[PDB]
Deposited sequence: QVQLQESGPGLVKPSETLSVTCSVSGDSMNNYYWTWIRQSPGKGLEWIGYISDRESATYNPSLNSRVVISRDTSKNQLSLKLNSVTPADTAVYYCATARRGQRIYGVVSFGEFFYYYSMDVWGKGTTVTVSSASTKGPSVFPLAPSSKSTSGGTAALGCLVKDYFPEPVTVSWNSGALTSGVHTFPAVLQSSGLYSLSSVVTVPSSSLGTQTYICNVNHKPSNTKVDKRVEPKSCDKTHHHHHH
């Protein structure tokens, strides 16, 4: 049961260094080769590089020697550092295990083989934006249930950059939850809404709290949503 979770800054300024981490759970880092892949808005998947056992890393020349991948076995963490960033480095960054295969097409003794890699286990990804614009934490408002199931929610207003995560009742309330894709306003600010459809006769008795996380601004808002005063 090996599991990967990435964490990062969410926002870096051009010419600075982007640093992401991947926490590994369920097994020793030592039992895998490791790699980073990113997914940029409007571009396909891009392979950044990989690191083998002896701390030996090989990088895609597309990153022009701006990249360092390393392991910290005392924390079971994989690291990526990308320096001299530009807006073209804005992407979702994924950690993954890599499986090295060897395809022999002639005599091995004559080096007639090639190595290839399959990426078999992936993390969930962490979004990093490169912009000179400053971060902005959201304002969260309750979207109260109809007085007449009913839908209630939270309005997550005016933030930058993406993303924001929303849970309900600290993860304990997942059925009927729908967090919508954010709208990108002309201001370049984002807003989203998260909704949950719950039984009407639960209202006033059952506590509904939307937990809003905007990591880049270090904003965590816990918003109770109760029925209209009316």
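A.B. asks: What are the unmodelled segments when the structure is compared with the full deposited sequence, in sequence order?
C.D. replies: No coordinates exist for the deposited residues in 149 to 153, 236 to 244, so these stretches are absent from the model.
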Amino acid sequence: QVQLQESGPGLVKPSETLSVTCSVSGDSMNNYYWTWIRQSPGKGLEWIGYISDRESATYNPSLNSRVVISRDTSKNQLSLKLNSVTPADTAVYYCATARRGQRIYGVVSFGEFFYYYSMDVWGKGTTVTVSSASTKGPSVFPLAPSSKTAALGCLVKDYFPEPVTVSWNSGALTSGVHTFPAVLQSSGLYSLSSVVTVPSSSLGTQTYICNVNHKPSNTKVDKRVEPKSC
From here on, numbers count along this sequence of modelled residues.
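A.B. asks: Averaging the C-alpha B factors as listed in the entry, name the stretch that ends up higher: 157 to 165 or 27 to 35.
C.D. replies: Comparing 157 to 165 with 27 to 35, the higher mean C-alpha B-factor belongs to 157 to 165.
A.B. asks: Tell me which stretch, 139 to 147 or 124 to 132, has the higher mean Cα B-factor listed in the entry.
C.D. replies: If you average the C-alpha B-factors of 124 to 132 and of 139 to 147, the larger mean comes out for 139 to 147.
A.B. asks: Kindly indicate the residue among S191, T197, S56, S194 with the greatest C-alpha B-factor in the PDB record.
C.D. replies: Most elevated C-alpha B-factor of the set, per the entry: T197.
A.B. asks: By its CA B factor, does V12 count among the lowest, middle or highest third of the modelled residues in the chain?
C.D. replies: Middle third by C-alpha B-factor.
A.B. asks: Which third, lowest, middle or highest, does the C-alpha temperature factor of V68 belong to within its own chain?
C.D. replies: It belongs to the lowest third of the chain when residues are ordered by C-alpha B-factor.
A.B. asks: Pull the Cα B-factor of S52 out of the PDB entry and bin it into the chain's lowest, middle or highest third.
C.D. replies: Within its chain, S52 is a middle-third residue by C-alpha B-factor, going by the deposited values.
A.B. asks: Split the chain's modelled residues into thirds by Cα B-factor; is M119 in the lowest, middle or highest one?
C.D. replies: Lowest third - that is where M119 ends up once the chain's C-alpha B-factors are sorted.
A.B. asks: Sorting the chain's CA B-factors, does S84 end up in the lowest, middle or highest third?
C.D. replies: Middle third, going by the recorded CA B-factors of the chain.
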